[PDB]
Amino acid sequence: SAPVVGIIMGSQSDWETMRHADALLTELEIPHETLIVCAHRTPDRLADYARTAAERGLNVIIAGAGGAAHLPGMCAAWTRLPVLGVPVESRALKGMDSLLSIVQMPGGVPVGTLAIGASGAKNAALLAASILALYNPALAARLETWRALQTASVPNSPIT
């Protein structure tokens, strides 16, 4: 069926991180698309992607980028849809540049930001799912089952 979440990232090297978002949406049976869109090298591609997202039926955009990470913020500038941002870990500054470049958006143009790295990618997918679950009772039930299994699966003591 048509995608309701869009996962976008600046480059192939981002995929090692963003694949965890993709996996989780697939696990929760959320139809989505996964694309490369680079804010600095393909800025017109980004403009077109973001401003047509709503009319294309997307409900949430998950965007990942590292370094001077402008992809989530510029996506949000062109869409009214909620945009979730994943800071990709950078080589020198370990994602601190990614984090600050994404989370520190000015008032008026939001990006809901998740943790640096794979955890943030997973949680962007989960946050997107909790948003969609507000209107989709079947997904809401799957998400509840997922959260309940997570809780039940935590062991009671460590292995030495």
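Heads up: residue numbers just count along the shown sequence, starting at 1.
The PDB entry reports B-factors from which the mean C-alpha value can be compared for 106-114 and 24-32; the larger average falls on 24-32. Relative to one another, 86-94 and 71-79 have unequal mean CA B-factors, and 86-94 is the one with the higher figure. For the set 66, 57, 120, 43, the PDB entry assigns the largest Cα B-factor to 57. Per-chain ranking of the deposited C-alpha B factor places residue 9 in the middle third.
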